[PDB]
$ cat run-v1.cif   # mmCIF, C-alpha atoms and all ligand atoms
data_structure
#
loop_
_atom_site.label_atom_id
_atom_site.label_comp_id
_atom_site.auth_asym_id
_atom_site.auth_seq_id
_atom_site.Cartn_x
_atom_site.Cartn_y
_atom_site.Cartn_z
CA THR A 2 2.69 67.58 103.41
CA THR A 3 5.81 65.56 104.21
CA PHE A 4 4.35 62.11 104.54
CA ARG A 5 5.94 59.76 107.04
CA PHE A 6 6.34 56.03 106.67
CA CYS A 7 6.75 53.30 109.25
CA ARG A 8 9.75 51.06 109.62
CA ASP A 9 9.41 47.31 110.01
CA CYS A 10 6.05 48.12 108.54
CA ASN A 11 6.95 50.76 105.92
CA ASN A 12 3.41 51.89 105.44
CA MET A 13 2.49 55.50 105.92
CA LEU A 14 1.87 56.92 109.36
CA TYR A 15 -1.52 58.48 109.90
CA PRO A 16 -1.69 60.95 112.77
CA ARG A 17 -3.22 59.56 115.94
CA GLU A 18 -4.15 62.18 118.48
CA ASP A 19 -2.65 61.82 121.91
CA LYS A 20 -4.94 63.68 124.27
CA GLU A 21 -3.36 62.56 127.50
CA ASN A 22 0.12 63.81 126.90
CA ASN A 23 -1.90 66.21 124.72
CA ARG A 24 0.02 66.20 121.46
CA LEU A 25 -0.04 64.52 118.08
CA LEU A 26 1.43 61.14 117.33
CA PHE A 27 1.63 59.22 114.08
CA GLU A 28 0.15 55.73 114.17
CA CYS A 29 0.59 53.01 111.59
CA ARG A 30 -2.75 51.41 110.93
CA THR A 31 -1.04 48.11 110.10
CA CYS A 32 1.82 47.63 112.54
CA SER A 33 1.41 49.47 115.71
CA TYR A 34 4.57 51.61 115.40
CA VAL A 35 4.22 55.18 116.63
CA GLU A 36 6.18 58.38 117.03
CA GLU A 37 5.66 62.07 117.72
CA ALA A 38 4.50 64.95 115.57
CA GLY A 39 7.59 66.78 114.39
CA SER A 40 5.24 69.73 113.65
CA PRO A 41 1.60 70.44 114.51
CA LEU A 42 0.74 71.24 110.92
CA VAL A 43 -0.93 68.24 109.33
CA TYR A 44 -2.25 69.09 105.89
CA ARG A 45 -1.97 71.61 103.09
CA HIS A 46 -4.14 72.20 100.06
CA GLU A 47 -2.25 74.72 97.93
CA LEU A 48 -4.74 76.23 95.51
CA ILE A 49 -2.52 78.78 93.79
CA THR A 50 1.00 77.46 93.34
CA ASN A 51 4.40 78.70 92.24
CA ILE A 52 6.29 75.42 91.76
CA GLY A 53 7.24 73.66 88.56
CA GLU A 54 8.34 77.10 87.42
CA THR A 55 11.69 75.31 87.15
CA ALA A 56 10.56 71.83 86.23
CA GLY A 57 13.42 69.47 85.60
CA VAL A 58 16.18 72.02 85.55
CA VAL A 59 18.97 69.51 85.21
CA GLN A 60 22.65 70.21 84.93
CA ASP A 61 22.17 69.66 81.21
CA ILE A 62 19.62 72.35 80.45
CA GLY A 63 22.60 74.10 79.03
CA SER A 64 23.09 71.25 76.61
CA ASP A 65 19.70 71.39 74.89
CA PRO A 66 20.09 72.92 71.43
CA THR A 67 16.56 74.08 71.03
CA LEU A 68 16.47 76.32 74.04
CA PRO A 69 16.86 79.98 73.23
CA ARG A 70 20.07 81.49 74.45
CA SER A 71 20.24 84.98 75.90
CA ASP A 72 22.93 87.38 76.94
CA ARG A 73 21.94 88.83 80.33
CA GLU A 74 24.46 88.45 83.13
CA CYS A 75 23.75 86.30 86.15
CA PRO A 76 23.53 88.20 89.42
CA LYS A 77 26.00 85.71 90.83
CA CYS A 78 28.20 84.55 87.99
CA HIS A 79 28.20 87.86 86.15
CA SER A 80 28.68 85.59 83.17
CA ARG A 81 26.58 86.42 80.16
CA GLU A 82 25.71 83.03 78.70
CA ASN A 83 22.33 81.71 79.75
CA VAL A 84 19.51 79.66 78.36
CA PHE A 85 15.96 80.57 79.27
CA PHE A 86 12.39 79.44 79.06
CA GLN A 87 8.90 80.24 80.21
CA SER A 88 7.46 78.85 83.40
CA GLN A 89 6.96 75.17 82.96
CA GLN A 90 3.58 75.29 84.68
CA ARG A 91 1.59 74.21 81.66
CA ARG A 92 -1.63 75.88 82.74
CA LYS A 93 -3.67 78.63 81.17
CA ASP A 94 -3.65 81.35 83.83
CA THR A 95 0.13 81.01 84.19
CA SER A 96 2.07 84.21 83.76
CA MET A 97 4.63 84.76 81.05
CA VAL A 98 7.70 85.46 83.14
CA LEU A 99 11.06 84.11 82.10
CA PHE A 100 13.39 81.86 83.99
CA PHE A 101 16.97 82.17 82.91
CA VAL A 102 19.72 79.75 83.78
CA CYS A 103 23.37 80.73 83.65
CA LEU A 104 25.46 78.10 81.95
CA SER A 105 28.23 78.61 84.51
CA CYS A 106 26.81 78.65 88.03
CA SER A 107 23.60 76.89 87.04
CA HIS A 108 21.99 79.64 89.08
CA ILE A 109 18.34 80.26 88.22
CA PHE A 110 17.12 83.80 88.02
CA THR A 111 14.15 85.51 86.48
CA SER A 112 13.35 88.33 84.10
CA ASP A 113 10.83 89.57 86.61
CA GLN A 114 10.19 93.05 87.88
CA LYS A 115 7.04 92.59 89.97
CA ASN A 116 8.75 90.24 92.45
CA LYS A 117 12.26 88.80 92.56
CA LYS B 393 2.12 68.78 81.56
CA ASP B 394 -0.28 69.62 78.84
CA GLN B 395 -2.79 67.07 77.78
CA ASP B 396 -1.64 64.74 75.09
CA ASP B 397 -1.80 65.72 71.43
CA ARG B 398 -3.46 63.20 69.22
CA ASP B 399 -2.52 64.56 65.81
CA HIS B 400 1.17 64.78 66.46
CA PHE B 401 2.47 63.04 63.41
CA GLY B 402 5.19 61.51 65.50
CA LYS B 403 2.67 59.10 66.90
CA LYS B 404 1.23 57.90 63.65
CA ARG B 405 2.35 54.99 61.58
CA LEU B 406 1.77 54.08 57.97
CA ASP B 407 1.02 50.53 56.97
CA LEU B 408 2.42 50.01 53.52
CA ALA B 409 2.15 46.87 51.45
CA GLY B 410 4.44 45.04 53.80
CA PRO B 411 2.34 45.19 56.89
CA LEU B 412 -0.99 45.11 55.14
CA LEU B 413 -0.10 41.86 53.47
CA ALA B 414 1.27 40.53 56.72
CA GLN B 415 -1.88 41.21 58.68
CA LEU B 416 -3.81 39.66 55.85
CA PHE B 417 -1.62 36.70 55.07
CA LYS B 418 -1.26 35.80 58.70
CA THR B 419 -4.95 35.20 59.19
CA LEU B 420 -5.14 33.40 55.89
CA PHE B 421 -2.41 31.18 57.19
CA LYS B 422 -4.16 30.18 60.38
CA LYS B 423 -7.21 29.24 58.36
CA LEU B 424 -4.91 27.01 56.39
CA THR B 425 -3.54 25.29 59.46
CA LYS B 426 -6.91 24.96 61.16
CA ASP B 427 -8.22 23.17 58.12
CA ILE B 428 -5.13 21.01 57.80
CA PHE B 429 -5.46 20.10 61.44
CA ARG B 430 -9.15 19.35 61.08
CA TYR B 431 -8.50 17.18 58.07
CA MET B 432 -5.52 15.75 59.86
CA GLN B 433 -7.83 15.09 62.77
CA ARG B 434 -10.81 13.76 60.90
CA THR B 435 -8.69 11.45 58.78
CA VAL B 436 -7.12 10.06 61.95
CA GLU B 437 -10.59 10.14 63.43
CA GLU B 438 -11.46 7.48 60.86
CA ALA B 439 -7.96 6.17 60.12
CA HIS B 440 -8.46 7.12 56.50
CA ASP B 441 -5.53 6.89 54.16
CA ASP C 58 15.10 20.30 107.39
CA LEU C 59 16.87 23.17 105.65
CA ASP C 60 20.48 23.79 106.60
CA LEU C 61 22.30 27.10 106.98
CA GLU C 62 25.66 25.56 106.22
CA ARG C 63 27.95 28.54 106.61
CA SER C 64 26.64 31.35 104.38
CA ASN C 65 29.74 33.47 105.05
CA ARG C 66 31.68 33.23 101.80
CA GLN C 67 32.48 36.59 100.23
CA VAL C 68 30.99 35.80 96.85
CA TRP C 69 31.53 38.50 94.27
CA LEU C 70 28.95 38.84 91.53
CA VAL C 71 30.08 39.79 88.05
CA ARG C 72 28.12 41.14 85.11
CA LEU C 73 29.70 40.32 81.78
CA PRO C 74 29.00 40.74 78.07
CA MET C 75 27.68 37.84 76.06
CA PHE C 76 30.96 36.84 74.46
CA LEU C 77 32.08 36.46 78.04
CA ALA C 78 28.86 34.69 78.99
CA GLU C 79 29.25 32.14 76.22
CA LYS C 80 32.82 31.48 77.28
CA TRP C 81 31.48 30.52 80.71
CA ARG C 82 28.74 27.98 80.06
CA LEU C 92 41.06 30.03 85.50
CA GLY C 93 41.68 33.55 86.70
CA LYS C 94 44.27 35.81 88.25
CA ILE C 95 42.77 38.57 90.38
CA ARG C 96 45.49 41.22 90.14
CA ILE C 97 43.73 43.77 92.34
CA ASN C 98 45.58 47.01 93.01
CA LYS C 99 44.97 50.06 95.16
CA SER C 102 41.30 51.03 94.54
CA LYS C 103 42.11 50.63 90.83
CA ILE C 104 41.33 46.94 91.08
CA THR C 105 42.55 44.76 88.23
CA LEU C 106 42.66 41.05 87.49
CA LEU C 107 44.22 38.73 84.93
CA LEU C 108 42.03 36.20 83.19
CA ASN C 109 43.28 32.79 82.07
CA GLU C 110 44.15 32.74 78.40
CA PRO C 117 42.65 36.05 78.42
CA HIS C 118 43.17 39.76 78.72
CA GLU C 119 43.91 41.65 81.92
CA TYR C 120 40.27 42.59 82.40
CA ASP C 121 39.95 44.61 85.59
CA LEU C 122 37.09 44.28 88.04
CA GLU C 123 34.55 47.01 88.44
CA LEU C 124 33.48 48.18 91.87
CA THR C 125 30.01 47.95 90.42
CA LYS C 126 28.34 47.81 93.82
CA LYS C 127 30.42 47.66 96.99
CA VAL C 128 27.75 47.24 99.65
CA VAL C 129 25.33 44.37 99.12
CA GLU C 130 22.96 43.47 101.94
CA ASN C 131 20.18 40.93 102.32
CA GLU C 132 21.61 39.06 99.33
CA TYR C 133 22.95 35.55 99.70
CA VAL C 134 23.76 32.56 97.54
CA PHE C 135 21.95 29.30 98.09
CA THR C 136 21.68 25.96 96.33
CA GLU C 137 19.26 23.07 96.42
CA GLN C 138 19.22 19.47 95.25
CA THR C 207 4.41 21.27 100.01
CA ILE C 208 7.46 19.46 98.67
CA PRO C 209 10.78 20.12 100.44
CA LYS C 210 14.31 19.83 99.07
CA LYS C 211 17.94 19.85 100.13
CA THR C 212 18.77 23.51 100.74
CA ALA C 213 22.28 24.82 101.36
CA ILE C 214 23.20 28.45 101.93
CA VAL C 215 26.68 28.83 100.52
CA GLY C 216 27.84 32.42 100.60
CA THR C 217 26.92 36.05 100.87
CA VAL C 218 27.38 38.71 98.24
CA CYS C 219 30.28 40.83 99.41
CA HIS C 220 30.33 43.18 96.42
CA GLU C 221 28.94 43.29 92.89
CA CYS C 222 31.18 43.58 89.84
CA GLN C 223 30.80 44.28 86.13
CA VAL C 224 33.18 43.19 83.41
CA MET C 225 35.76 45.65 82.08
CA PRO C 226 36.61 44.53 78.48
CA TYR C 233 41.95 44.79 75.60
CA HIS C 234 39.12 47.09 74.52
CA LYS C 235 40.68 47.12 71.04
CA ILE C 236 39.26 43.81 69.83
CA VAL C 237 36.36 44.13 72.27
CA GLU C 238 34.87 47.30 70.84
CA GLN C 239 35.96 45.92 67.47
CA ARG C 240 33.57 43.03 68.10
CA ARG C 241 31.11 44.68 70.49
CA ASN C 242 30.34 47.30 67.89
CA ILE C 243 30.42 44.40 65.41
CA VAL C 244 27.77 42.68 67.53
CA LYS C 245 25.43 44.42 65.09
CA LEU C 246 26.86 42.38 62.19
CA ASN C 247 24.61 39.31 62.16
CA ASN C 248 21.27 38.32 60.64
CA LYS C 249 19.40 35.39 59.06
CA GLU C 250 18.96 34.51 55.42
CA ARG C 251 16.56 35.56 52.69
CA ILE C 252 14.41 33.10 50.76
CA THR C 253 15.82 30.54 48.33
CA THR C 254 13.57 31.73 45.51
CA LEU C 255 13.34 28.44 43.68
CA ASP C 256 15.82 28.67 40.80
CA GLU C 257 14.22 25.82 38.88
CA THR C 258 12.11 26.37 35.84
CA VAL C 259 8.53 27.06 36.83
CA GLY C 260 7.20 24.07 34.92
CA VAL C 261 8.98 21.27 36.75
CA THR C 262 8.16 22.41 40.28
CA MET C 263 4.41 22.54 39.81
CA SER C 264 4.41 19.00 38.40
CA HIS C 265 4.19 17.35 41.80
CA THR C 266 1.61 19.80 43.12
CA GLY C 267 -1.28 18.75 40.92
CA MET C 268 -2.27 15.20 40.07
CA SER C 269 1.17 13.60 40.29
CA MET C 270 -0.40 10.16 40.94
CA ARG C 271 2.14 9.38 43.69
CA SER C 272 1.66 8.91 47.43
CA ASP C 273 2.74 7.18 50.65
CA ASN C 274 6.36 8.17 50.08
CA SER C 275 6.36 9.35 53.72
CA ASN C 276 4.80 6.79 56.08
CA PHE C 277 2.42 8.93 58.09
CA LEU C 278 -1.19 8.26 59.13
CA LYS C 279 -1.09 5.38 56.66
CA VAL C 280 -3.10 3.17 59.05
CA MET C 294 -18.07 -26.35 66.27
CA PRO C 295 -19.66 -29.07 68.40
CA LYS C 296 -22.71 -28.24 70.49
CA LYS C 297 -21.11 -30.65 72.95
CA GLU C 298 -17.73 -28.88 72.82
CA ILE C 299 -19.29 -25.41 72.71
CA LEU C 300 -21.53 -26.19 75.69
CA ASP C 301 -18.62 -27.89 77.46
CA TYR C 302 -16.71 -24.65 76.95
CA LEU C 303 -19.92 -22.68 77.56
CA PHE C 304 -20.32 -24.54 80.84
CA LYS C 305 -16.60 -23.89 81.27
CA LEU C 306 -17.21 -20.25 80.37
CA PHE C 307 -20.11 -20.17 82.82
CA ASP C 308 -18.14 -22.07 85.48
CA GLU C 309 -14.75 -20.37 85.09
CA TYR C 310 -16.25 -16.87 85.15
CA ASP C 311 -20.00 -16.28 85.29
CA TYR C 312 -19.15 -12.72 84.20
CA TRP C 313 -18.00 -14.05 80.83
CA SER C 314 -18.34 -11.43 78.11
CA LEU C 315 -18.86 -12.49 74.51
CA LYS C 316 -15.45 -11.14 73.50
CA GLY C 317 -13.83 -13.05 76.36
CA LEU C 318 -15.87 -16.04 75.19
CA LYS C 319 -15.54 -15.54 71.42
CA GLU C 320 -11.77 -15.20 71.73
CA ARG C 321 -11.81 -18.25 74.00
CA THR C 322 -14.18 -19.92 71.53
CA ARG C 323 -11.46 -20.11 68.83
CA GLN C 324 -14.03 -21.98 66.72
CA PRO C 325 -16.96 -21.25 64.39
CA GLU C 326 -19.09 -18.38 65.67
CA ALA C 327 -22.29 -20.41 65.33
CA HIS C 328 -21.67 -23.11 67.95
CA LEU C 329 -20.55 -20.82 70.78
CA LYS C 330 -23.21 -18.11 70.43
CA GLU C 331 -26.25 -20.20 69.50
CA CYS C 332 -25.94 -23.56 71.29
CA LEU C 333 -25.02 -21.89 74.60
CA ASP C 334 -28.02 -19.53 74.51
CA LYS C 335 -30.22 -22.04 76.40
CA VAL C 336 -28.62 -22.77 79.80
CA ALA C 337 -26.70 -19.46 79.82
CA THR C 338 -28.49 -16.18 80.53
CA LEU C 339 -26.91 -13.00 79.13
CA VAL C 340 -27.73 -9.59 80.61
CA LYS C 341 -27.57 -6.54 78.33
CA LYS C 342 -26.99 -3.59 80.70
CA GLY C 343 -25.53 -3.30 84.18
CA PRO C 344 -22.35 -4.89 85.54
CA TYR C 345 -22.94 -8.58 84.76
CA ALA C 346 -23.95 -7.81 81.18
CA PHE C 347 -23.24 -10.03 78.16
CA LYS C 348 -22.13 -12.50 80.84
CA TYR C 349 -22.81 -16.19 80.18
CA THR C 350 -23.60 -16.73 83.85
ZN ZN A 501 4.22 49.87 110.49
ZN ZN A 502 25.22 82.78 87.04
#
$ encode --input "run-v1.cif" --output "structure tokens" --more "lines below"
Ligand SMILES: [Zn+2]
Ligand SMILES: [Zn+2]
Amino acid sequence: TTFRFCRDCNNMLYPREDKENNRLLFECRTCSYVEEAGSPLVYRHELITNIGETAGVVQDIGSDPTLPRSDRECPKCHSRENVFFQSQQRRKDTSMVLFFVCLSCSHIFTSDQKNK
Amino acid sequence: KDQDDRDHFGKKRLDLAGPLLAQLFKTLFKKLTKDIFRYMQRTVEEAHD
Amino acid sequence: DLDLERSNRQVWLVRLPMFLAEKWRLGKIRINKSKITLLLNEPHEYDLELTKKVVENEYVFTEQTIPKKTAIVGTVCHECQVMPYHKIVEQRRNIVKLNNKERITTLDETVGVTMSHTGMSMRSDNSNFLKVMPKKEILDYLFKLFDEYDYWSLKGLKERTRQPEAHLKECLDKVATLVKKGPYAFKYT
């Protein structure tokens, strides 16, 4: 995660192990620029995800006519005008929880009960 | 995103008599040039009247 | 050989609509503070747009493995876009969708007359287009042809013959040897 690019080379910095100072540096297999490892974690794989559950929530989601309105009150705004929609993770196993969006604070909440 | 949908009528088009003649007439027009050119060539090839 | 002349002028790029573009193929910059305006020569008081203030790595240059006469004139200081005043502008900018080409002049004549020239009209060429002897004197010239240029082709000899074709070609065939192929061919050498 969090790729790093070079400068004056701009390619992406692979990690090159420093054993002597004994830490991780990021090389640049084209121009020899280097720097540290801002964190020893290198790679993630992320089988079961929980992102895209709010894909493209723009400040205009309130301006889309086709989205179903709903009346519940935002925990923050305590306003009762909010559009909502299922989780945008277009995949089969996906749950059927609801993401609301208050038209006032643009705060996102959920209809959940298992985990908020 | 979901895979694409191939039957979505938004992505179809209907060729009416306009297009269908166009596609047809266009090729028939090349063939007319090509021949004209060939004749135009071959007559100049032999400086025929 | 290229020359960085000064390259320090604060050139200001402007994007403009077409009606402006056509008009440009004087001014009065009436900037005001940052609501920058400007007066154009008559026309309107079209203001400048702070379309892009900061503009780096962008410079103007002109010219006159082939080289040429390069000159680096000025640097972009800031990019602008035209602010069209808007009364007639929108009145014509919206009306920019009010043009097209013509339909077909479906030939108003009677049908009979027009086809007359198509068939056998028995007329043509109205548009000019793709319309397209002494054996002594012969030998004296043949010896001259042999002497002046042993590589004497028949055409160079026949044109130089300027006489009946018999005397030049036949009488000279004895003391002159003509090759058929190779460089010195057809040469009365
Ligand atoms: Zn680099
Ligand atoms: Zn709210």
$ interface_residues --input "run-v1.cif" --of "chain A" --to "chain B" --cutoff "12 Å" --atoms "all atoms listed in the file" --output "compact mmCIF listing (two decimals) with C-alpha atoms, in the frame of the given file"
# COMPACT_ATOMS: atom_id res chain seq x y z
CA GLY A 53 7.24 73.66 88.56
CA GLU A 54 8.34 77.10 87.42
CA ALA A 56 10.56 71.83 86.23
CA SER A 88 7.46 78.85 83.40
CA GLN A 89 6.96 75.17 82.96
CA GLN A 90 3.58 75.29 84.68
CA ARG A 91 1.59 74.21 81.66
CA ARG A 92 -1.63 75.88 82.74
CA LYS A 93 -3.67 78.63 81.17
$ residues_near_ligand --input "run-v1.cif" --ligand "ligand ZN 501 (chain A)" --cutoff "6 Å" --atoms "only C-alpha atoms and all ligand atoms" --output "JSON, numbers by chain"
{"A": [7, 8, 9, 10, 11, 12, 29, 31, 32, 33, 34]}
$ residues_near_ligand --input "run-v1.cif" --ligand "ligand ZN 502 (chain A)" --cutoff "8 Å" --atoms "only C-alpha atoms and all ligand atoms" --output "ChimeraX atom specification"
/A:74-81,83,102-109
$ atom_distance --input "run-v1.cif" --atom1 "atom CA of residue C:128" --atom2 "atom CA of residue C:218"
8.7 Å
$ axis_aligned_box --input "run-v1.cif" --around "stretch 415-420 of chain B" --padding-each-side "3 Å" --output "lines of an AutoDock Vina configuration file"
center_x = -3.2
center_y = 37.3
center_z = 57.1
size_x = 9.9
size_y = 13.8
size_z = 10.1
$ closest_atom_pairs --input "run-v1.cif" --of "chain B" --to "chain C" --cutoff "7 Å" --atoms "all atoms listed in the file" --output "tab-separated table"
residue	atom	partner	partner_atom	distance
B:436	CA	C:278	CA	6.8
B:439	CA	C:280	CA	5.8
B:441	CA	C:279	CA	5.3
$ decode --input "run-v1.cif" --residues "stretch 89-113 of chain A" --atoms "N, CA, C and O atoms" --output "PDB file, in the first residue's frame"
ATOM      1  N   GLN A  89     -22.236   0.103  -2.656  1.00  0.00           N
ATOM      2  CA  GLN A  89     -21.853   0.136  -4.050  1.00  0.00           C
ATOM      3  C   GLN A  89     -20.887  -0.910  -4.420  1.00  0.00           C
ATOM      4  O   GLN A  89     -20.359  -0.844  -5.509  1.00  0.00           O
ATOM      5  N   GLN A  90     -20.610  -1.889  -3.573  1.00  0.00           N
ATOM      6  CA  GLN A  90     -19.677  -2.965  -3.885  1.00  0.00           C
ATOM      7  C   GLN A  90     -20.391  -4.004  -4.723  1.00  0.00           C
ATOM      8  O   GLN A  90     -20.901  -4.999  -4.217  1.00  0.00           O
ATOM      9  N   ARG A  91     -20.387  -3.802  -6.029  1.00  0.00           N
ATOM     10  CA  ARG A  91     -21.186  -4.632  -6.919  1.00  0.00           C
ATOM     11  C   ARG A  91     -20.557  -6.016  -6.975  1.00  0.00           C
ATOM     12  O   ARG A  91     -19.831  -6.378  -7.900  1.00  0.00           O
ATOM     13  N   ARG A  92     -20.846  -6.798  -5.947  1.00  0.00           N
ATOM     14  CA  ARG A  92     -20.356  -8.159  -5.831  1.00  0.00           C
ATOM     15  C   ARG A  92     -21.416  -8.993  -5.139  1.00  0.00           C
ATOM     16  O   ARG A  92     -22.225  -8.471  -4.373  1.00  0.00           O
ATOM     17  N   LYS A  93     -21.413 -10.293  -5.414  1.00  0.00           N
ATOM     18  CA  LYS A  93     -22.546 -11.118  -5.026  1.00  0.00           C
ATOM     19  C   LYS A  93     -22.669 -11.246  -3.514  1.00  0.00           C
ATOM     20  O   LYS A  93     -23.737 -11.001  -2.950  1.00  0.00           O
ATOM     21  N   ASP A  94     -21.590 -11.608  -2.834  1.00  0.00           N
ATOM     22  CA  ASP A  94     -21.688 -11.874  -1.406  1.00  0.00           C
ATOM     23  C   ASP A  94     -22.023 -10.637  -0.596  1.00  0.00           C
ATOM     24  O   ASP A  94     -22.413 -10.765   0.564  1.00  0.00           O
ATOM     25  N   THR A  95     -21.865  -9.459  -1.183  1.00  0.00           N
ATOM     26  CA  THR A  95     -22.115  -8.199  -0.504  1.00  0.00           C
ATOM     27  C   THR A  95     -23.386  -8.246   0.324  1.00  0.00           C
ATOM     28  O   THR A  95     -24.374  -8.870  -0.056  1.00  0.00           O
ATOM     29  N   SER A  96     -23.342  -7.609   1.482  1.00  0.00           N
ATOM     30  CA  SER A  96     -24.518  -7.516   2.316  1.00  0.00           C
ATOM     31  C   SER A  96     -25.549  -6.609   1.670  1.00  0.00           C
ATOM     32  O   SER A  96     -25.383  -6.121   0.555  1.00  0.00           O
ATOM     33  N   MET A  97     -26.629  -6.370   2.389  1.00  0.00           N
ATOM     34  CA  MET A  97     -27.663  -5.467   1.930  1.00  0.00           C
ATOM     35  C   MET A  97     -27.887  -4.334   2.909  1.00  0.00           C
ATOM     36  O   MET A  97     -29.012  -3.905   3.126  1.00  0.00           O
ATOM     37  N   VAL A  98     -26.831  -3.828   3.513  1.00  0.00           N
ATOM     38  CA  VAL A  98     -26.997  -2.715   4.428  1.00  0.00           C
ATOM     39  C   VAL A  98     -27.195  -1.437   3.638  1.00  0.00           C
ATOM     40  O   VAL A  98     -26.910  -1.365   2.450  1.00  0.00           O
ATOM     41  N   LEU A  99     -27.674  -0.412   4.314  1.00  0.00           N
ATOM     42  CA  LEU A  99     -27.989   0.834   3.653  1.00  0.00           C
ATOM     43  C   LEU A  99     -27.087   1.945   4.137  1.00  0.00           C
ATOM     44  O   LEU A  99     -26.878   2.109   5.336  1.00  0.00           O
ATOM     45  N   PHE A 100     -26.586   2.712   3.205  1.00  0.00           N
ATOM     46  CA  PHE A 100     -25.842   3.915   3.500  1.00  0.00           C
ATOM     47  C   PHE A 100     -26.742   5.096   3.230  1.00  0.00           C
ATOM     48  O   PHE A 100     -27.148   5.314   2.092  1.00  0.00           O
ATOM     49  N   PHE A 101     -27.072   5.834   4.267  1.00  0.00           N
ATOM     50  CA  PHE A 101     -27.757   7.093   4.080  1.00  0.00           C
ATOM     51  C   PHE A 101     -26.763   8.209   3.923  1.00  0.00           C
ATOM     52  O   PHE A 101     -25.571   8.047   4.148  1.00  0.00           O
ATOM     53  N   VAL A 102     -27.268   9.352   3.501  1.00  0.00           N
ATOM     54  CA  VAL A 102     -26.471  10.552   3.348  1.00  0.00           C
ATOM     55  C   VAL A 102     -27.380  11.728   3.625  1.00  0.00           C
ATOM     56  O   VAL A 102     -28.332  11.958   2.879  1.00  0.00           O
ATOM     57  N   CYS A 103     -27.091  12.485   4.675  1.00  0.00           N
ATOM     58  CA  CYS A 103     -27.931  13.627   4.996  1.00  0.00           C
ATOM     59  C   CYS A 103     -27.660  14.751   4.018  1.00  0.00           C
ATOM     60  O   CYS A 103     -26.509  15.071   3.727  1.00  0.00           O
ATOM     61  N   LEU A 104     -28.722  15.345   3.498  1.00  0.00           N
ATOM     62  CA  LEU A 104     -28.541  16.388   2.511  1.00  0.00           C
ATOM     63  C   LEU A 104     -27.916  17.640   3.091  1.00  0.00           C
ATOM     64  O   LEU A 104     -27.514  18.518   2.327  1.00  0.00           O
ATOM     65  N   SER A 105     -27.840  17.755   4.411  1.00  0.00           N
ATOM     66  CA  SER A 105     -27.319  18.961   5.038  1.00  0.00           C
ATOM     67  C   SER A 105     -25.831  18.845   5.344  1.00  0.00           C
ATOM     68  O   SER A 105     -25.012  19.530   4.728  1.00  0.00           O
ATOM     69  N   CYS A 106     -25.457  17.940   6.242  1.00  0.00           N
ATOM     70  CA  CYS A 106     -24.062  17.826   6.630  1.00  0.00           C
ATOM     71  C   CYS A 106     -23.257  16.975   5.677  1.00  0.00           C
ATOM     72  O   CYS A 106     -22.051  16.830   5.871  1.00  0.00           O
ATOM     73  N   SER A 107     -23.893  16.381   4.686  1.00  0.00           N
ATOM     74  CA  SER A 107     -23.256  15.374   3.856  1.00  0.00           C
ATOM     75  C   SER A 107     -22.623  14.269   4.683  1.00  0.00           C
ATOM     76  O   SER A 107     -21.781  13.528   4.185  1.00  0.00           O
ATOM     77  N   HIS A 108     -23.011  14.138   5.942  1.00  0.00           N
ATOM     78  CA  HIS A 108     -22.528  13.033   6.742  1.00  0.00           C
ATOM     79  C   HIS A 108     -23.113  11.725   6.236  1.00  0.00           C
ATOM     80  O   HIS A 108     -24.284  11.654   5.865  1.00  0.00           O
ATOM     81  N   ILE A 109     -22.292  10.685   6.232  1.00  0.00           N
ATOM     82  CA  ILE A 109     -22.697   9.351   5.820  1.00  0.00           C
ATOM     83  C   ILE A 109     -22.979   8.545   7.061  1.00  0.00           C
ATOM     84  O   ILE A 109     -22.117   8.439   7.933  1.00  0.00           O
ATOM     85  N   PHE A 110     -24.136   7.936   7.147  1.00  0.00           N
ATOM     86  CA  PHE A 110     -24.332   6.971   8.208  1.00  0.00           C
ATOM     87  C   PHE A 110     -24.893   5.700   7.615  1.00  0.00           C
ATOM     88  O   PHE A 110     -24.977   5.548   6.404  1.00  0.00           O
ATOM     89  N   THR A 111     -25.253   4.762   8.469  1.00  0.00           N
ATOM     90  CA  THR A 111     -25.761   3.505   7.968  1.00  0.00           C
ATOM     91  C   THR A 111     -26.956   3.039   8.768  1.00  0.00           C
ATOM     92  O   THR A 111     -27.117   3.367   9.941  1.00  0.00           O
ATOM     93  N   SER A 112     -27.779   2.250   8.108  1.00  0.00           N
ATOM     94  CA  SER A 112     -28.957   1.644   8.696  1.00  0.00           C
ATOM     95  C   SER A 112     -28.624   0.475   9.572  1.00  0.00           C
ATOM     96  O   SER A 112     -29.534  -0.220  10.017  1.00  0.00           O
ATOM     97  N   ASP A 113     -27.346   0.253   9.828  1.00  0.00           N
ATOM     98  CA  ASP A 113     -26.888  -0.993  10.404  1.00  0.00           C
ATOM     99  C   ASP A 113     -27.431  -1.188  11.811  1.00  0.00           C
ATOM    100  O   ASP A 113     -27.955  -0.274  12.442  1.00  0.00           O
TER     101      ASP A 113
END
